[PDB]
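Asker: Top line first, the protein sequences correspond to chains A, B, C, D, E, F, G and H. Counting in UniProt numbering, the first sequence runs from 5 upward without gaps. Per UniProt numbering, the second sequence runs over residues 25 to 99, 120 to 147. Counting in UniProt numbering, the third sequence runs from 1 upward without gaps. Counting in UniProt numbering, the fourth sequence runs from 4 upward without gaps. Counting in UniProt numbering, the fifth sequence runs from 2 upward without gaps. Counting in UniProt numbering, the sixth sequence runs from 77 upward without gaps. Counting in UniProt numbering, the seventh sequence runs from 77 upward without gaps. Counting in UniProt numbering, the eighth sequence runs from 77 upward without gaps. Yeah, the Cβ is synthetic: ideal placement off N, Cα and C, and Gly gets one too.
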Amino acid sequence: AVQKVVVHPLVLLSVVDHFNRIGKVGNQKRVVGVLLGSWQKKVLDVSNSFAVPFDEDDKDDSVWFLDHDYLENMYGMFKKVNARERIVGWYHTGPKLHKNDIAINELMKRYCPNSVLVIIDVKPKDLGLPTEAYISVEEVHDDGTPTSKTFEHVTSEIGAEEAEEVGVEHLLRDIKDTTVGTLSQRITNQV
Amino acid sequence: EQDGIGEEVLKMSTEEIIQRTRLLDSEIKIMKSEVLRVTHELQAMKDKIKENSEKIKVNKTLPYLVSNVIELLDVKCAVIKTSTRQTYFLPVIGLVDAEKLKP
Amino acid sequence: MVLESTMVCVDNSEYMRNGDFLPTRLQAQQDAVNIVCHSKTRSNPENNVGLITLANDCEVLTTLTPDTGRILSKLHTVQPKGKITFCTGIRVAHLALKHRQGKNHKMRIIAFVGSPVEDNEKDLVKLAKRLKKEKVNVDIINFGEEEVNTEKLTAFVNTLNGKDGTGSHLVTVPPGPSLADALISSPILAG
Amino acid sequence: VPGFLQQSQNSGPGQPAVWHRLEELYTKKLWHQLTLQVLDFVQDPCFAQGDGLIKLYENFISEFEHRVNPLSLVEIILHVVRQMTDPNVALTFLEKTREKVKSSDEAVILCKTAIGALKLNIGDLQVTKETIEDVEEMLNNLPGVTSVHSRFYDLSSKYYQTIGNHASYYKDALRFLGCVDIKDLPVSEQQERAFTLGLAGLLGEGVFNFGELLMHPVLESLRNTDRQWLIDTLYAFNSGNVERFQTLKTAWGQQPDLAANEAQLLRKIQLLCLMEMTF
Amino acid sequence: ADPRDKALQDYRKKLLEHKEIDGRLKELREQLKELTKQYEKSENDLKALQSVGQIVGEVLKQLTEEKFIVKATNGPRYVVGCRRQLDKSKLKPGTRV
Amino acid sequence: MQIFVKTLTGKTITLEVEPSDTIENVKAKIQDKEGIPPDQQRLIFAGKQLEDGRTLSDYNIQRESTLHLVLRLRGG
Amino acid sequence: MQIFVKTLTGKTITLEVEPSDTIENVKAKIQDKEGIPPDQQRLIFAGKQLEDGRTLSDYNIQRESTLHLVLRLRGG
Amino acid sequence: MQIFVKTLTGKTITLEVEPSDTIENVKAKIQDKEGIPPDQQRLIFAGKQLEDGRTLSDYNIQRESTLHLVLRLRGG
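#1: Going by DSSP, which residues form a beta bridge with C/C87?
#2: Tell me whether A/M112 is buried or exposed, calling it buried when 16 or more other Cβ atoms sit within 10 Å of its Cβ.
#3: For a test of the three-state rule: what should DSSP assign to G/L147, helix, strand or coil?
#4: Name the chain H residues that come within less than 7 Å of G/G111, Cβ to Cβ?
#5: Please report how far the alpha carbon of A/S51 lies from the alpha carbon of C/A190, in whole angstroms.
#6: Identify every run of the beta strand (DSSP E) within the stretch 54 to 102 of chain C, keeping only runs that are complete inside it and at least 3 residues long; order them along the chain.
#7: Report the option in C/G144, C/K133, C/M107 whose CA atom is closest to the CA atom of C/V113.
#8: Output needed in chain order: residues of the stretch 61 to 77 of chain B with a Cβ under 9 Å from some Cβ in chain G.
#9: Do D/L158 and D/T116 have their CB atoms nearer than 8 Å?
#10: Look at the alpha carbon of F/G152 and the alpha carbon of H/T88, and state the distance between them as a whole number of angstroms.
#11: Note down, in chain order, all residues in the stretch 79 to 104 of chain A with a beta-carbon under 9 Å from any beta-carbon belonging to chain E.
#12: In the DSSP assignment, find the alpha helix (DSSP H) that holds B/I80 and state where it starts and stops.
#13: Determine the DSSP secondary structure at D/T281, reduced to helix, strand or coil.
#14: Which one or two residues does DSSP pair with H/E100 in a beta bridge?
#15: Could you tell me whether the stretch 7 to 23 of chain C touches the stretch 149 to 165 of chain C, where touching means 3 or more Cβ pairs closer than 8 Å?
#16: Would you say H/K82 lies against chain F (beta-carbon separation less than 8 Å)?
#17: In three-state terms, what does DSSP make of B/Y88?
#18: List the DSSP bridge partners of A/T154.
#19: For a contact defined as C-beta to C-beta under 8 Å, what are the partners of B/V33 on chain G?
#20: Name the two residues that bound the continuous beta strand (DSSP E) containing D/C114.
#21: Identify the continuous alpha helix (DSSP H) that holds C/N149 and give its terminal residues.
#22: Suppose you measure from the CA of D/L237 to the CA of C/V125; what does that come to, to the nearest Å?
#23: Straight-line CA distance for D/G17 to C/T154?
#24: Quick one: is the Cβ of D/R24 within less than 7 Å of any heavy atom of the ligand SAH?
#25: Mind checking which residues open and close the alpha helix (DSSP H) that includes D/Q46?
#26: Please list, in chain order, all residues of the same chain as H/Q107 whose beta carbon is under 7 Å from its beta carbon, the five residues on each side excluded.
#27: Can you grab the Cα-Cα spacing for the pair D/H152 / D/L200, in whole Å?
#28: Applying the 10 Å Cβ sphere with the 16-neighbour rule, what's the burial state of residue 2 of chain A?
#29: Short of 9 Å Cβ to Cβ, which residues in the stretch 12 to 43 of chain E face chain K?
#30: Which parts of the stretch 40 to 78 of chain A are runs of the beta strand (DSSP E), unbroken and 3 residues or longer, counting only runs that do not cross its ends?
#31: Give the secondary structure of G/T83 by DSSP, where H, G and I count as helix, E and B as strand, and everything else as coil.
#32: Per DSSP, what kind of secondary structure is C/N137 in: helix, strand or coil?
#33: Around the C-beta of D/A203, are 16 or more other C-beta atoms found within 10 angstroms, so that it is buried, or is it exposed?
#34: Residue range of the alpha helix (DSSP H) that D/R196 falls in?
#35: When you compare the CB of A/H22 with every CB in chain C, is at least one pair closer than 8 Å?
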């Protein structure tokens, strides 16, 4: 079980890169990849990711094609460079959960028993946070109807670390806002 | 044994039949499945062993610094003074058996 | 000599439990797969093969690779409990062909049809025309139930290639002693 | 052996056909079709007293066709076993078939349910309970809904039919319904299952709901004719109106339990009327 | 010759082969387990390889709720903070750190 | 649907295509009659940079349009 | 018992073995007497190729059988 | 015998050799054509690092073979 996930900026930026570049291979609505990370205690920290070739069909949810061998090879190379990260889960984009997703989950749950799914919404929206995190569990469902497998939400937050925030703060220097604000920042918040 | 051979396998042919069934099924299933499975498991783990050993070979470069462990603690951790006259804690000993080390 | 990538597409439906052939249908299919994959490898050292299973939905149990031994090692432990489904198997085979590394390679799908099949011709013809426009070769082996589906397959292969098309073979066999002996001559003929 | 069918066709229907066709399937070695057809033929309403001989033929085929889907073998064996009436030899036979069939464990669950079912008929606490608990663990670790679930829940409902556990029975019967197909059962069976469920809930220790129950289709359907006072009183609780001149009628209708436990039912409806009036 | 004698003899031969393959399986299993223990030793070494070492010193006085004055064995003294979840109550003057 | 490709050498070449096609198909036709490797082809339309992964209709290309081919000289 | 190992180089070698021997043992004897290690080589019998998990008696190999040796990996 | 040497920058360089040639001779050819010291070149074929003691008749190379070159990069 998990009580919260902490996501670093680097993964967010790499996901934007993936979504922009994919046009080089063939038009698709969404993209998919692995998340690497680590466990402290019931809190999960994500810190890297990489692409994986994926294909889909727009109507039939019985048809799709991930790829085992690319995944295993790339994880081998990444492990040869560094050893403290391990497989933790996966991500896809697109704004709404697709029926298909559980069928993917029960695949790569084999590579990590506690596979957690993070949805990152690459194109903007005004109201709030960009990402969502979900975990898969069966249920009693009712007084009496068939048990099944679905996701439940888990609370999500965006983290930072030393020498990742410095680059961010440098990139964001041109546009800045008051640290505390004097009735010009608190009043906006209420709106 | 002689009791089963005589009173059953000879006289009660159905017991020979059940012997045949059990022997055939168990023999073929276990031999094929376990021999194939274990042989490929062994090959894979041998190769991964080889890669890890290659990784450890490089880091053992020649230049070393003579040092003496002053104290040892379990929480596996050691306090070293080194002949440059420096003192360092460390939380993990590394490429030697922590049970083999002693003050 | 031609550079092409080949997918073998094999059945583990429940009918394979039976035993008209000498040991069982499975073992026969194993020997057939062995012979064909060795043929397609030996004919050209850079080509590659992959393996797909149709029963109870399509499992892409090996991504396209030039290594042959993995295919054999993986092919075992197919315990026949599935029911057939033809169309989704073909669709996912096309989908996986869409992502060759060496996009100079030609496109081939080889399928073993060892079971009765239920389908509507109005779907099959449309799949056929899709592969027409996409220029995909198809090769089929019957063995078992000629009466049930011989006409459907005749129509499929006929529409898919013709009008001086290649004449992609459609093999059929009596319940003779061996698969290999018939399979040898007509579909495969290296050089 | 191979003459067994030609001479045996004199028993039951299909004399030139089903026996000859069985021989044809046997000689073709199309093991699958043969298994289908034997399972089908056992269903025939003929008394099928020739259990031992046809079982001898079953052993002859299975002696190496047993690579077949074992579950079908288990269920046809169950259809054979129900024929005979000596319990003890039946138990030995079941233990033998359980020890031989051991790969697909759902067959093991099914067999265990049959063993417990036969055992309960003569004495329950010692064996049955323990076999229910011995089976529930394995059932959990199965991915799908499967098929054995119905039978198992039927067993556990019968075991909890020792009336004092009303409430527990109330849940498990529902689980059974949560596993059968669209109700396509004998109408009398359906309506009497719904009747017993109604009563078992109505006395139940822990149950206050009476909202969801009224929607379950079997109850709303199979009692819109005769014995509607039960639906009437079930609504009476749902609304919470205290006046129940109807349980007096139920006393004559259902003297068992509902005539003795009247005080408890009165107390339930009493406190149940608060949750309405405050709402 | 006789069905019972042929069945007996082939039964004994088949059982002999049964025990032979069982021996093969047992020795394979044991050797594999030993290899797994070698593997886990190698992996423990690989993850240990990334440690860093640390300076040993002593806390002088405490200065403010988050600032401490500390001194190395033979280096200069320093002004430093104290880590998350570190139970500062233990940080009596003179303690080893 | 004919389309005119212009090179830096001054040559204009006319290719007949259909609106269903995709840029990699056009580059394959170039490799056909130009012989320059498709990886060594870069295509600009009205200042935009075309992708090998997409359809002609994604760029609203109409009949008889001009596309410019540019080579890559990093191999110097 | 003798087996003709033929390589694609036209070399013929006589091997005396017993049918109970597993493939790994036959490869071991090959390595011992030839020098060629077992991993760089594969064996074929009328298209049937062998594996450690199968005995020599499986596949129906007989006395004086012809075997094809095909090397694997690049040059040493 | 004509061969192709690729590199990480996309540079491609044809070269003519004979299978009697030893590897260090090839590195000498690279040096004289490009202008790079023999120490700094490292050579890869099919995923194996090549070695000086061997001819191209060893490693069973054929013409039109794609080799890769990588630099001895260092820092300090």
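Answerer: On the basis of the coordinates in this document:
#1: C/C87 is not bridged to any residue.
#2: buried
#3: strand
#4: Correct list: empty, because the minimum Cβ distance to chain H is about 16 Å.
#5: 51 Å
#6: 59 to 65
#7: C/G144
#8: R61, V62, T63, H64, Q67
#9: yes
#10: 10 Å
#11: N86, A87, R88
#12: 37 to 83
#13: coil
#14: According to DSSP, which records beta bridges pairwise, H/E100 is partnered with nothing at all.
#15: no
#16: no
#17: coil
#18: A/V141
#19: Within 8 Å Cβ-Cβ: nothing; B/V33 doesn't reach chain G, min ~26 Å.
#20: D/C114 -> not in any beta strand (DSSP E); alpha helix (DSSP H) instead, spanning 108 to 123.
#21: 146 to 160
#22: 58 Å
#23: 38 Å
#24: As presented, the structure is devoid of all ligands, the ligand SAH included, so that no description of it is given.
#25: Unbroken run through D/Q46: none, as it is neither H nor E.
#26: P113, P114
#27: 19 Å
#28: Given that chain A is displayed from residue 5 to residue 195, the structure contains no residue 2 of chain A and the question cannot be resolved.
#29: Note that chain K does not occur in the displayed structure, where the protein chains are A, B, C, D, E, F, G and H.
#30: 47 to 55
#31: strand
#32: strand
#33: buried
#34: 190 to 205
#35: no
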